[PDB]
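Participant: structure-v5.cif is reproduced below (mmCIF, C-alpha atoms and all ligand atoms).
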```
data_data
loop_
_atom_site.group_PDB
_atom_site.id
_atom_site.type_symbol
_atom_site.label_atom_id
_atom_site.label_comp_id
_atom_site.auth_asym_id
_atom_site.auth_seq_id
_atom_site.Cartn_x
_atom_site.Cartn_y
_atom_site.Cartn_z
ATOM 1 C CA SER D 568 1.269 22.839 20.779
ATOM 2 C CA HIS D 569 -1.005 20.561 18.785
ATOM 3 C CA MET D 570 -1.617 23.657 16.660
ATOM 4 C CA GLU D 571 2.017 24.704 16.650
ATOM 5 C CA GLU D 572 3.077 21.304 15.276
ATOM 6 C CA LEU D 573 0.334 21.543 12.604
ATOM 7 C CA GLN D 574 1.555 25.029 11.667
ATOM 8 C CA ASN D 575 5.148 23.877 11.195
ATOM 9 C CA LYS D 576 4.280 20.693 9.299
ATOM 10 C CA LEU D 577 2.200 22.970 7.065
ATOM 11 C CA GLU D 578 5.198 25.235 6.467
ATOM 12 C CA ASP D 579 7.360 22.398 5.283
ATOM 13 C CA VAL D 580 4.892 20.658 2.994
ATOM 14 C CA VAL D 581 4.510 23.151 0.125
ATOM 15 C CA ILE D 582 6.969 23.239 -2.758
ATOM 16 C CA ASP D 583 7.275 26.188 -5.064
ATOM 17 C CA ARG D 584 5.900 25.072 -8.459
ATOM 18 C CA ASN D 585 9.041 26.492 -10.194
ATOM 19 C CA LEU D 586 11.191 23.833 -8.488
ATOM 20 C CA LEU D 587 9.204 21.230 -10.414
ATOM 21 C CA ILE D 588 9.190 20.098 -14.039
ATOM 22 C CA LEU D 589 6.582 17.587 -15.188
ATOM 23 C CA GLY D 590 7.238 14.846 -17.759
ATOM 24 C CA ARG D 591 5.295 12.056 -19.450
ATOM 25 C CA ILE D 592 2.230 10.388 -18.045
ATOM 26 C CA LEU D 593 2.831 7.166 -16.196
ATOM 27 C CA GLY D 594 -0.897 6.337 -15.742
ATOM 28 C CA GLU D 595 -4.070 8.435 -16.198
ATOM 29 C CA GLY D 596 -7.530 7.681 -14.681
ATOM 30 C CA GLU D 597 -10.552 8.859 -12.609
ATOM 31 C CA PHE D 598 -9.234 10.903 -9.592
ATOM 32 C CA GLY D 599 -6.327 11.799 -11.871
ATOM 33 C CA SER D 600 -2.868 10.914 -13.179
ATOM 34 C CA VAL D 601 0.655 10.012 -12.106
ATOM 35 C CA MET D 602 3.433 11.688 -14.089
ATOM 36 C CA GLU D 603 7.169 11.717 -13.982
ATOM 37 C CA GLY D 604 8.989 14.847 -12.826
ATOM 38 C CA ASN D 605 12.201 16.559 -11.687
ATOM 39 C CA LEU D 606 12.359 18.222 -8.355
ATOM 40 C CA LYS D 607 15.054 20.922 -8.013
ATOM 41 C CA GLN D 608 16.763 20.187 -4.660
ATOM 42 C CA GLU D 609 18.414 22.484 -2.017
ATOM 43 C CA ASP D 610 21.851 21.345 -3.218
ATOM 44 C CA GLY D 611 21.344 22.696 -6.821
ATOM 45 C CA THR D 612 20.802 19.244 -8.458
ATOM 46 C CA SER D 613 17.537 17.726 -9.738
ATOM 47 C CA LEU D 614 15.852 14.545 -8.542
ATOM 48 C CA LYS D 615 13.531 12.294 -10.516
ATOM 49 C CA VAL D 616 10.119 12.211 -8.863
ATOM 50 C CA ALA D 617 6.608 11.015 -9.407
ATOM 51 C CA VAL D 618 3.757 13.576 -9.473
ATOM 52 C CA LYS D 619 0.147 12.669 -8.563
ATOM 53 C CA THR D 620 -2.694 14.994 -9.752
ATOM 54 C CA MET D 621 -6.037 14.683 -7.827
ATOM 55 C CA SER D 627 -14.097 23.809 -2.022
ATOM 56 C CA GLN D 628 -11.354 25.616 -0.031
ATOM 57 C CA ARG D 629 -12.334 23.111 2.791
ATOM 58 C CA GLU D 630 -11.319 20.006 0.728
ATOM 59 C CA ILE D 631 -8.207 22.020 -0.340
ATOM 60 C CA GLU D 632 -7.304 22.692 3.338
ATOM 61 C CA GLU D 633 -7.875 19.038 4.417
ATOM 62 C CA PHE D 634 -5.726 17.904 1.439
ATOM 63 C CA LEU D 635 -3.034 20.267 2.738
ATOM 64 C CA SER D 636 -3.454 19.170 6.436
ATOM 65 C CA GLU D 637 -3.468 15.504 5.395
ATOM 66 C CA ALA D 638 -0.318 16.126 3.277
ATOM 67 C CA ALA D 639 1.398 17.769 6.264
ATOM 68 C CA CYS D 640 0.929 14.670 8.498
ATOM 69 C CA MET D 641 2.108 12.150 5.894
ATOM 70 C CA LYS D 642 5.156 14.316 5.155
ATOM 71 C CA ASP D 643 6.131 13.736 8.818
ATOM 72 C CA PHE D 644 6.115 9.882 8.271
ATOM 73 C CA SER D 645 9.688 8.596 8.058
ATOM 74 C CA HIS D 646 10.220 4.826 7.583
ATOM 75 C CA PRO D 647 11.792 2.969 4.628
ATOM 76 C CA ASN D 648 8.646 0.806 4.076
ATOM 77 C CA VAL D 649 6.257 3.780 3.895
ATOM 78 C CA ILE D 650 6.335 5.988 0.817
ATOM 79 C CA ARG D 651 7.824 9.426 1.550
ATOM 80 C CA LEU D 652 5.708 12.403 0.637
ATOM 81 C CA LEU D 653 8.215 15.024 -0.699
ATOM 82 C CA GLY D 654 5.652 17.851 -0.763
ATOM 83 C CA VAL D 655 2.686 19.371 -2.574
ATOM 84 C CA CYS D 656 1.934 22.042 -5.207
ATOM 85 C CA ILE D 657 -1.510 23.425 -5.992
ATOM 86 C CA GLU D 658 -1.695 25.015 -9.486
ATOM 87 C CA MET D 659 -4.970 26.741 -10.562
ATOM 88 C CA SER D 660 -6.836 25.964 -13.785
ATOM 89 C CA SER D 661 -7.980 28.210 -16.636
ATOM 90 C CA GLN D 662 -11.569 27.391 -15.507
ATOM 91 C CA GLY D 663 -10.436 28.262 -11.932
ATOM 92 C CA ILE D 664 -10.640 24.939 -10.013
ATOM 93 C CA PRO D 665 -7.530 24.138 -7.866
ATOM 94 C CA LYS D 666 -5.273 21.263 -9.123
ATOM 95 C CA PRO D 667 -3.414 19.773 -6.079
ATOM 96 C CA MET D 668 -0.179 17.938 -7.014
ATOM 97 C CA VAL D 669 1.464 15.397 -4.688
ATOM 98 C CA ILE D 670 5.232 14.806 -5.107
ATOM 99 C CA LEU D 671 6.672 11.379 -4.413
ATOM 100 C CA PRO D 672 10.039 9.708 -4.908
ATOM 101 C CA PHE D 673 10.142 7.830 -8.149
ATOM 102 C CA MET D 674 9.489 4.073 -7.784
ATOM 103 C CA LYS D 675 11.344 2.598 -10.764
ATOM 104 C CA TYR D 676 9.463 -0.734 -10.801
ATOM 105 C CA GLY D 677 5.911 0.602 -10.371
ATOM 106 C CA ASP D 678 3.273 -1.161 -8.217
ATOM 107 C CA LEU D 679 3.697 -4.569 -6.721
ATOM 108 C CA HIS D 680 0.553 -6.100 -8.248
ATOM 109 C CA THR D 681 1.602 -5.320 -11.864
ATOM 110 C CA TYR D 682 5.125 -6.420 -11.115
ATOM 111 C CA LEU D 683 3.966 -9.837 -9.882
ATOM 112 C CA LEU D 684 1.880 -10.228 -13.015
ATOM 113 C CA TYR D 685 4.763 -9.164 -15.267
ATOM 114 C CA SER D 686 6.944 -11.717 -13.548
ATOM 115 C CA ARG D 687 4.925 -14.583 -15.089
ATOM 116 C CA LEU D 688 5.851 -13.329 -18.542
ATOM 117 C CA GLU D 689 9.108 -14.250 -20.245
ATOM 118 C CA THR D 690 10.275 -10.744 -20.896
ATOM 119 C CA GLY D 691 9.046 -9.489 -17.497
ATOM 120 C CA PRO D 692 11.033 -9.806 -14.211
ATOM 121 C CA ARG D 693 12.376 -13.306 -13.592
ATOM 122 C CA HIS D 694 10.240 -15.823 -11.769
ATOM 123 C CA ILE D 695 10.006 -14.563 -8.203
ATOM 124 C CA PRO D 696 11.425 -16.981 -5.698
ATOM 125 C CA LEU D 697 9.388 -17.797 -2.575
ATOM 126 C CA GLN D 698 12.027 -15.988 -0.428
ATOM 127 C CA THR D 699 11.538 -12.737 -2.293
ATOM 128 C CA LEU D 700 7.773 -12.997 -2.039
ATOM 129 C CA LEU D 701 7.935 -13.455 1.701
ATOM 130 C CA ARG D 702 10.432 -10.491 1.855
ATOM 131 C CA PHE D 703 7.809 -8.340 0.145
ATOM 132 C CA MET D 704 5.387 -9.413 2.929
ATOM 133 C CA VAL D 705 7.844 -8.464 5.656
ATOM 134 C CA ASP D 706 8.474 -5.054 4.140
ATOM 135 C CA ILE D 707 4.714 -4.417 3.979
ATOM 136 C CA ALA D 708 4.150 -5.646 7.546
ATOM 137 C CA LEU D 709 7.003 -3.309 8.630
ATOM 138 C CA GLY D 710 5.373 -0.408 6.828
ATOM 139 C CA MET D 711 2.024 -1.109 8.460
ATOM 140 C CA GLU D 712 3.547 -1.596 11.903
ATOM 141 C CA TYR D 713 5.003 1.953 11.602
ATOM 142 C CA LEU D 714 1.602 3.262 10.660
ATOM 143 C CA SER D 715 -0.331 1.409 13.351
ATOM 144 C CA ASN D 716 2.162 2.853 15.920
ATOM 145 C CA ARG D 717 1.253 6.358 14.719
ATOM 146 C CA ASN D 718 -2.445 5.206 14.965
ATOM 147 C CA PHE D 719 -2.835 6.015 11.283
ATOM 148 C CA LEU D 720 -5.228 3.809 9.228
ATOM 149 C CA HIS D 721 -4.390 2.919 5.644
ATOM 150 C CA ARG D 722 -7.893 2.092 4.629
ATOM 151 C CA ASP D 723 -6.915 0.785 1.158
ATOM 152 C CA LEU D 724 -4.136 -1.784 1.600
ATOM 153 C CA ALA D 725 -3.733 -4.005 -1.483
ATOM 154 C CA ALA D 726 -0.858 -5.150 -3.693
ATOM 155 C CA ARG D 727 -1.683 -2.401 -6.268
ATOM 156 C CA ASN D 728 -0.958 0.245 -3.535
ATOM 157 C CA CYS D 729 2.456 -1.141 -2.582
ATOM 158 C CA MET D 730 5.321 0.296 -4.604
ATOM 159 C CA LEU D 731 8.711 -1.206 -5.561
ATOM 160 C CA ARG D 732 11.762 0.926 -5.189
ATOM 161 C CA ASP D 733 15.018 0.716 -7.227
ATOM 162 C CA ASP D 734 16.384 -1.698 -4.627
ATOM 163 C CA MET D 735 13.339 -4.020 -4.557
ATOM 164 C CA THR D 736 12.282 -2.706 -1.115
ATOM 165 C CA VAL D 737 8.464 -2.601 -0.870
ATOM 166 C CA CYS D 738 6.806 0.398 0.668
ATOM 167 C CA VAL D 739 3.149 0.983 1.379
ATOM 168 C CA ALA D 740 1.450 3.898 -0.408
ATOM 169 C CA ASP D 741 -1.923 5.558 -1.213
ATOM 170 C CA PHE D 742 -3.074 5.692 2.452
ATOM 171 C CA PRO D 763 -12.467 -2.885 -3.122
ATOM 172 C CA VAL D 764 -15.023 -5.147 -1.397
ATOM 173 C CA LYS D 765 -12.764 -8.185 -1.549
ATOM 174 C CA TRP D 766 -10.192 -6.431 0.651
ATOM 175 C CA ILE D 767 -12.598 -5.271 3.363
ATOM 176 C CA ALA D 768 -12.940 -6.906 6.751
ATOM 177 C CA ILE D 769 -16.212 -8.702 7.630
ATOM 178 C CA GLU D 770 -16.924 -6.262 10.493
ATOM 179 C CA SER D 771 -16.432 -3.262 8.145
ATOM 180 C CA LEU D 772 -18.760 -4.648 5.509
ATOM 181 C CA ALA D 773 -21.440 -5.041 8.227
ATOM 182 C CA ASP D 774 -21.009 -2.149 10.697
ATOM 183 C CA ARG D 775 -18.942 0.268 8.463
ATOM 184 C CA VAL D 776 -16.373 0.357 11.396
ATOM 185 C CA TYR D 777 -12.587 0.264 10.683
ATOM 186 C CA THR D 778 -9.638 -0.325 13.084
ATOM 187 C CA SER D 779 -6.045 -1.369 12.569
ATOM 188 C CA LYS D 780 -7.416 -4.917 12.769
ATOM 189 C CA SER D 781 -9.345 -4.082 9.569
ATOM 190 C CA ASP D 782 -6.048 -3.075 7.983
ATOM 191 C CA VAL D 783 -4.780 -6.463 9.252
ATOM 192 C CA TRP D 784 -7.564 -8.147 7.317
ATOM 193 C CA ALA D 785 -6.478 -6.268 4.171
ATOM 194 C CA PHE D 786 -2.887 -7.277 4.811
ATOM 195 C CA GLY D 787 -3.872 -10.880 4.971
ATOM 196 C CA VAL D 788 -5.492 -10.464 1.571
ATOM 197 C CA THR D 789 -2.444 -8.702 0.224
ATOM 198 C CA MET D 790 -0.305 -11.600 1.383
ATOM 199 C CA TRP D 791 -2.483 -13.933 -0.622
ATOM 200 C CA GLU D 792 -2.252 -11.682 -3.705
ATOM 201 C CA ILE D 793 1.502 -11.923 -3.352
ATOM 202 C CA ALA D 794 1.628 -15.719 -2.759
ATOM 203 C CA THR D 795 -0.648 -16.309 -5.874
ATOM 204 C CA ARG D 796 1.515 -13.912 -7.920
ATOM 205 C CA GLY D 797 -1.392 -11.568 -8.570
ATOM 206 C CA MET D 798 -4.692 -13.471 -8.623
ATOM 207 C CA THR D 799 -7.839 -11.594 -7.838
ATOM 208 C CA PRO D 800 -9.070 -12.756 -4.418
ATOM 209 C CA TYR D 801 -11.877 -15.370 -4.248
ATOM 210 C CA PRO D 802 -12.081 -16.673 -7.804
ATOM 211 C CA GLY D 803 -15.668 -17.701 -8.587
ATOM 212 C CA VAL D 804 -17.186 -15.439 -5.905
ATOM 213 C CA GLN D 805 -18.593 -12.007 -7.002
ATOM 214 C CA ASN D 806 -18.473 -8.752 -5.016
ATOM 215 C CA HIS D 807 -22.181 -8.833 -4.226
ATOM 216 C CA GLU D 808 -21.818 -12.371 -2.834
ATOM 217 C CA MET D 809 -19.004 -11.465 -0.425
ATOM 218 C CA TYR D 810 -20.605 -10.614 2.952
ATOM 219 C CA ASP D 811 -22.601 -13.845 3.046
ATOM 220 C CA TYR D 812 -19.659 -15.863 1.791
ATOM 221 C CA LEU D 813 -17.684 -14.430 4.728
ATOM 222 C CA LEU D 814 -20.667 -14.507 7.168
ATOM 223 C CA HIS D 815 -20.801 -18.321 6.692
ATOM 224 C CA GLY D 816 -17.087 -18.699 7.745
ATOM 225 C CA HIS D 817 -15.489 -19.145 4.296
ATOM 226 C CA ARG D 818 -12.134 -17.449 3.720
ATOM 227 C CA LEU D 819 -9.515 -17.361 0.985
ATOM 228 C CA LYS D 820 -8.116 -20.736 0.105
ATOM 229 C CA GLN D 821 -4.522 -21.831 0.431
ATOM 230 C CA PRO D 822 -2.555 -21.321 -2.757
ATOM 231 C CA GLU D 823 -0.591 -24.213 -4.242
ATOM 232 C CA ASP D 824 3.055 -24.023 -3.114
ATOM 233 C CA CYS D 825 2.211 -21.714 -0.164
ATOM 234 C CA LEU D 826 3.775 -23.042 3.021
ATOM 235 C CA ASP D 827 1.235 -24.051 5.631
ATOM 236 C CA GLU D 828 2.970 -21.762 8.150
ATOM 237 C CA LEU D 829 2.593 -18.850 5.725
ATOM 238 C CA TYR D 830 -1.077 -19.760 5.219
ATOM 239 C CA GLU D 831 -1.653 -19.967 8.995
ATOM 240 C CA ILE D 832 -0.238 -16.452 9.353
ATOM 241 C CA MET D 833 -2.522 -15.112 6.607
ATOM 242 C CA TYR D 834 -5.577 -17.085 7.917
ATOM 243 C CA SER D 835 -5.098 -15.438 11.425
ATOM 244 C CA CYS D 836 -5.637 -12.080 9.680
ATOM 245 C CA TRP D 837 -9.241 -13.030 8.805
ATOM 246 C CA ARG D 838 -10.436 -14.228 12.249
ATOM 247 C CA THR D 839 -14.024 -13.241 12.791
ATOM 248 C CA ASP D 840 -13.381 -11.426 16.029
ATOM 249 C CA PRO D 841 -10.895 -8.650 15.136
ATOM 250 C CA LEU D 842 -9.614 -8.807 18.698
ATOM 251 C CA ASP D 843 -8.466 -12.317 17.900
ATOM 252 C CA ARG D 844 -6.336 -11.080 14.924
ATOM 253 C CA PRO D 845 -2.665 -10.468 15.458
ATOM 254 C CA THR D 846 -1.205 -6.935 15.534
ATOM 255 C CA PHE D 847 1.104 -5.898 12.684
ATOM 256 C CA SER D 848 3.932 -6.066 15.129
ATOM 257 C CA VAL D 849 3.045 -9.677 15.947
ATOM 258 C CA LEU D 850 2.677 -10.485 12.155
ATOM 259 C CA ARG D 851 5.944 -8.873 11.238
ATOM 260 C CA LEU D 852 7.713 -10.922 13.865
ATOM 261 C CA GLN D 853 6.132 -14.133 12.544
ATOM 262 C CA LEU D 854 6.984 -13.254 8.936
ATOM 263 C CA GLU D 855 10.640 -12.461 9.668
ATOM 264 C CA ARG D 856 11.052 -15.655 11.711
ATOM 265 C CA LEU D 857 9.619 -17.778 8.910
ATOM 266 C CA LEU D 858 11.892 -15.973 6.392
ATOM 267 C CA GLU D 859 15.004 -16.613 8.524
ATOM 268 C CA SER D 860 14.136 -20.329 8.694
ATOM 269 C CA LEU D 861 14.464 -20.631 4.859
ATOM 270 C CA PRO D 862 17.563 -22.279 3.316
HETATM 271 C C1 LIG D 901 1.777 5.931 -5.125
HETATM 272 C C2 LIG D 901 1.331 6.398 -6.485
HETATM 273 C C3 LIG D 901 2.295 6.032 -7.584
HETATM 274 N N1 LIG D 901 3.562 6.408 -7.359
HETATM 275 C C4 LIG D 901 4.508 6.134 -8.271
HETATM 276 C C5 LIG D 901 5.900 6.601 -7.917
HETATM 277 N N2 LIG D 901 6.047 7.116 -6.707
HETATM 278 O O1 LIG D 901 6.839 6.498 -8.727
HETATM 279 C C6 LIG D 901 4.232 5.458 -9.477
HETATM 280 N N3 LIG D 901 5.218 5.190 -10.396
HETATM 281 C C7 LIG D 901 5.294 4.384 -11.553
HETATM 282 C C8 LIG D 901 6.565 4.142 -12.058
HETATM 283 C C9 LIG D 901 6.739 3.364 -13.190
HETATM 284 C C10 LIG D 901 5.643 2.817 -13.832
HETATM 285 N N4 LIG D 901 5.803 2.035 -14.968
HETATM 286 C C11 LIG D 901 5.353 2.625 -16.233
HETATM 287 C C12 LIG D 901 5.950 1.879 -17.419
HETATM 288 C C13 LIG D 901 5.606 0.392 -17.351
HETATM 289 N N5 LIG D 901 6.030 -0.306 -18.594
HETATM 290 C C14 LIG D 901 4.998 -0.279 -19.644
HETATM 291 C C15 LIG D 901 5.556 -0.828 -20.947
HETATM 292 N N6 LIG D 901 6.036 -2.200 -20.773
HETATM 293 C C16 LIG D 901 6.560 -2.732 -22.041
HETATM 294 C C17 LIG D 901 7.062 -2.230 -19.732
HETATM 295 C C18 LIG D 901 6.520 -1.687 -18.420
HETATM 296 C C19 LIG D 901 6.057 -0.188 -16.008
HETATM 297 C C20 LIG D 901 5.474 0.611 -14.844
HETATM 298 C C21 LIG D 901 4.356 3.061 -13.321
HETATM 299 O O2 LIG D 901 3.322 2.488 -14.008
HETATM 300 C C22 LIG D 901 1.996 2.951 -13.741
HETATM 301 C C23 LIG D 901 4.181 3.840 -12.189
HETATM 302 N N7 LIG D 901 2.957 5.088 -9.689
HETATM 303 C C24 LIG D 901 1.985 5.348 -8.793
HETATM 304 N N8 LIG D 901 0.731 4.952 -9.064
HETATM 305 C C25 LIG D 901 0.346 3.945 -10.039
HETATM 306 C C26 LIG D 901 -0.867 4.419 -10.819
HETATM 307 C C27 LIG D 901 -1.281 3.338 -11.783
HETATM 308 O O3 LIG D 901 -1.548 2.108 -11.109
HETATM 309 C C28 LIG D 901 -0.405 1.644 -10.400
HETATM 310 C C29 LIG D 901 0.043 2.636 -9.350
HETATM 311 CL CL CL D 902 6.579 21.818 -16.022
HETATM 312 CL CL CL D 903 10.431 6.263 -0.062
HETATM 313 CL CL CL D 904 -3.941 -14.074 -12.310
HETATM 314 CL CL CL D 905 -10.263 -18.406 -2.615
#
```
As structure tokens, what does this structure read like?
Facilitator:
Amino acid sequence: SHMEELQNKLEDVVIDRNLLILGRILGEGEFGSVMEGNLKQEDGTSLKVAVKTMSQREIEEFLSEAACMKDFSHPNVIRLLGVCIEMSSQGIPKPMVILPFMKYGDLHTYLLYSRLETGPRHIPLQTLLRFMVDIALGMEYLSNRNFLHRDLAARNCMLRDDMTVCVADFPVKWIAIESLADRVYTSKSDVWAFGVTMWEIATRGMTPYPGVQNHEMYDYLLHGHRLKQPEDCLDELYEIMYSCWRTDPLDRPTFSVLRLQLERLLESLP
């Protein structure tokens, strides 16, 4: 059964490389690049997509990992469309991930662009808190499938045509105190990272803990200091984000609890 489900998921996940046309490069780096593409669909029409380029063992885990994420269906979690693996001239495998195109790019850049004239308009507080709700909803879905994100941050949240946020790509300043110390990581560690992401949103893209350096962070945290309240951040919003950084991770709210707080606060806005 367990196996049977894995076998099916595996069936679905691969896309014939001839259904796919690559385009220009949207952002090149270390692990690799993100490029625009067209995915030929079952109905005969093409779809604009994004295309991410990243041992047979690491190949097979990539494929098994891709199969599980393809099963994820929620509007605040980025849909994996499928995978291609095209071989090089030197012979190393090149594993491509296919994603729906996110017109507005990543949330962190978008927030930064918004403080420029020619960027997106100033983002009203209501919209910012809607971004938080969307992300909490995404992470609730994940925590209910017991899946850990590991790298939640504003730069890994993506903005869709319709300004829905979805979590994606699932960084000392984002890492829970317990995980710095004992390398151990629960959903409550994702909750920590969420709390930081909320702050990145509420500051419109500031790097967490100005004036503190990465190497200083465990002690800074170990002495009870946390991120400060941003100017024009509602106290209730700050309370919600501060609960994410409680020392005991058992004392932190679940995503489901956070989401419910965030939506209530949003509803109470005029
Ligand atoms: C989850 C991985 C990922 N998925 C997607 C996706 N599913 O579609 C994706 N798309 C994407 C779409 C559009 C853009 N644009 C480019 C033009 C720019 N212009 C510049 C010129 N300026 C005058 C006006 C603005 C505005 C942003 C984009 O920028 C990088 C990315 N990116 C992903 N990963 C990135 C990798 C780099 O780090 C951020 C996350
Ligand atoms: Cl091509
Ligand atoms: Cl999506
Ligand atoms: Cl900044
Ligand atoms: Cl701070």
Participant: With the file shown as input, list the residues that the PyMOL selection byres (((chain D and resi 584-593) around 6) and not hetatm) selects, as an MDAnalysis selection string.
Facilitator: chainID D and resid 583 594 601:607 656
Participant: Using the chain letters and residue numbers of this document, give as a ChimeraX atom specification the residues selected by the PyMOL selection byres (((not hetatm)) within 10 of (chain D and resi 901)).
Facilitator: /D:591-596,599-604,615-619,650-652,669-682,685,690-691,726-732,738-742
Participant: Evaluate the PyMOL selection byres (((chain D and resi 812-816) around 12) and not hetatm) and record the selected residues as a PDB file with C-alpha atoms, keeping the file's coordinate frame, following the chain and residue labels used in the document.
Facilitator:
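Saved file result19.pdb follows:
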```
ATOM      1  CA  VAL D 764     -15.023  -5.147  -1.397  1.00  0.00           C
ATOM      2  CA  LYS D 765     -12.764  -8.185  -1.549  1.00  0.00           C
ATOM      3  CA  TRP D 766     -10.192  -6.431   0.651  1.00  0.00           C
ATOM      4  CA  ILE D 767     -12.598  -5.271   3.363  1.00  0.00           C
ATOM      5  CA  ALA D 768     -12.940  -6.906   6.751  1.00  0.00           C
ATOM      6  CA  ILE D 769     -16.212  -8.702   7.630  1.00  0.00           C
ATOM      7  CA  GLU D 770     -16.924  -6.262  10.493  1.00  0.00           C
ATOM      8  CA  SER D 771     -16.432  -3.262   8.145  1.00  0.00           C
ATOM      9  CA  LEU D 772     -18.760  -4.648   5.509  1.00  0.00           C
ATOM     10  CA  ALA D 773     -21.440  -5.041   8.227  1.00  0.00           C
ATOM     11  CA  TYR D 801     -11.877 -15.370  -4.248  1.00  0.00           C
ATOM     12  CA  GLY D 803     -15.668 -17.701  -8.587  1.00  0.00           C
ATOM     13  CA  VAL D 804     -17.186 -15.439  -5.905  1.00  0.00           C
ATOM     14  CA  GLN D 805     -18.593 -12.007  -7.002  1.00  0.00           C
ATOM     15  CA  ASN D 806     -18.473  -8.752  -5.016  1.00  0.00           C
ATOM     16  CA  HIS D 807     -22.181  -8.833  -4.226  1.00  0.00           C
ATOM     17  CA  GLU D 808     -21.818 -12.371  -2.834  1.00  0.00           C
ATOM     18  CA  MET D 809     -19.004 -11.465  -0.425  1.00  0.00           C
ATOM     19  CA  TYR D 810     -20.605 -10.614   2.952  1.00  0.00           C
ATOM     20  CA  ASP D 811     -22.601 -13.845   3.046  1.00  0.00           C
ATOM     21  CA  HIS D 817     -15.489 -19.145   4.296  1.00  0.00           C
ATOM     22  CA  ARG D 818     -12.134 -17.449   3.720  1.00  0.00           C
ATOM     23  CA  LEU D 819      -9.515 -17.361   0.985  1.00  0.00           C
ATOM     24  CA  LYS D 820      -8.116 -20.736   0.105  1.00  0.00           C
ATOM     25  CA  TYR D 834      -5.577 -17.085   7.917  1.00  0.00           C
ATOM     26  CA  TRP D 837      -9.241 -13.030   8.805  1.00  0.00           C
ATOM     27  CA  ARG D 838     -10.436 -14.228  12.249  1.00  0.00           C
ATOM     28  CA  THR D 839     -14.024 -13.241  12.791  1.00  0.00           C
ATOM     29  CA  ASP D 840     -13.381 -11.426  16.029  1.00  0.00           C
TER      30      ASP D 840
END
```
Participant: For each of D:706, D:658, D:733, D:723, take the minimum atom-to-atom distance to ligand CL 902 (chain D), counting all atoms listed in the file, then give the residue where this is smallest.
Facilitator: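 Selected residue with least distance to ligand CL 902 (chain D): D:658.
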Participant: Could you give me, as JSON lines, a per-residue list for chain D showing, wherever an atom lies at most 8 Å from an atom of ligand CL 904 (chain D), the closest pair of atoms and their distance in Å to one decimal, using only C-alpha atoms and all ligand atoms and sorting by chain then residue number from low to high?
Facilitator:
```
{"residue": "D:684", "atom": "CA", "partner": "D:CL904", "partner_atom": "CL", "distance": 7.0}
{"residue": "D:795", "atom": "CA", "partner": "D:CL904", "partner_atom": "CL", "distance": 7.6}
{"residue": "D:796", "atom": "CA", "partner": "D:CL904", "partner_atom": "CL", "distance": 7.0}
{"residue": "D:797", "atom": "CA", "partner": "D:CL904", "partner_atom": "CL", "distance": 5.2}
{"residue": "D:798", "atom": "CA", "partner": "D:CL904", "partner_atom": "CL", "distance": 3.8}
{"residue": "D:799", "atom": "CA", "partner": "D:CL904", "partner_atom": "CL", "distance": 6.4}
```
Participant: With distances taken over all atoms listed in the file, which residue among D:790, D:737, D:657, D:631 lies nearest ligand CL 903 (chain D)?
Facilitator: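 For ligand CL 903 (chain D), the nearest of the candidates is D:737.
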Participant: Could you jot down the CA of residue 699 (chain D) to CA of residue 862 (chain D) separation for me, Å, one decimal place?
Facilitator: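 Straight-line distance from CA of residue 699 (chain D) to CA of residue 862 (chain D) works out to 12.6 Å.
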Participant: Using all atoms listed in the file, pick whichever of D:821, D:620, D:781, D:860 has the shortest atom-to-atom distance to residue 845 (chain D).
Facilitator: D:781
Participant: What is the distance between CA of residue 662 (chain D) and CA of residue 629 (chain D), in Å to one decimal?
Facilitator: 18.8 Å
Participant: State, in Å with one decimal place, the distance from CA of residue 784 (chain D) to CA of residue 697 (chain D).
Facilitator: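 These two atoms are separated by 21.9 Å.
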Participant: Edge lengths and centre, in Å to one decimal, as AutoDock Vina command-line options: that's what I need for the box along x, y and z that holds all listed atoms of region 658-672 of chain D plus 3 Å on each side.
Facilitator:
```
--center_x -0.8 --center_y 19.0 --center_z -10.5 --size_x 27.6 --size_y 24.6 --size_z 18.2
```
Participant: For residue 635 (chain D), which residue out of D:647, D:800, D:611, D:667 is the nearest one, using all atoms listed in the file?
Facilitator: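 Of the candidates, the smallest distance to residue 635 (chain D) is held by D:667.
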Participant: Pick from D:580, D:735, D:718, D:708: nearest to residue 654 (chain D), with all atoms listed in the file counted?
Facilitator: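 Looking only at the distances to residue 654 (chain D), the closest residue turns out to be D:580.
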Participant: Given the choices D:734, D:632, D:609, D:827, which gets closest to ligand CL 903 (chain D) if the distance is worked out from all atoms listed in the file?
Facilitator: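 The closest residue to ligand CL 903 (chain D) is D:734.
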Participant: Set the distance at 12 Å and use all atoms listed in the file: which residues neighbour residue 578 (chain D) once local chain neighbours fewer than 6 positions away are removed? I'd like the list as a list in words.
Facilitator: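 With the cut-off at 12 Å, the set is residues 571, 572, 635, 636, 638, 639, 640, 642, 643, 654 and 655 of chain D.
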Participant: With the input short on atoms, add N, CA and C atoms back to region 684-688 of chain D and write it as a compact mmCIF listing (two decimals), keeping the file's coordinate frame.
Facilitator:
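Saved result, selection_1.txt, follows:
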```
# COMPACT_ATOMS: atom_id res chain seq x y z
N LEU D 684 2.46 -9.74 -11.77
CA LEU D 684 1.88 -10.23 -13.02
C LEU D 684 2.93 -10.26 -14.10
N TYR D 685 3.72 -9.19 -14.23
CA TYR D 685 4.76 -9.16 -15.27
C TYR D 685 5.76 -10.28 -15.08
N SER D 686 5.98 -10.68 -13.84
CA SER D 686 6.94 -11.72 -13.55
C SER D 686 6.60 -13.10 -14.14
N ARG D 687 5.34 -13.32 -14.50
CA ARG D 687 4.92 -14.58 -15.09
C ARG D 687 5.02 -14.54 -16.60
N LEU D 688 5.52 -13.44 -17.14
CA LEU D 688 5.85 -13.33 -18.54
C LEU D 688 7.34 -13.51 -18.71
```
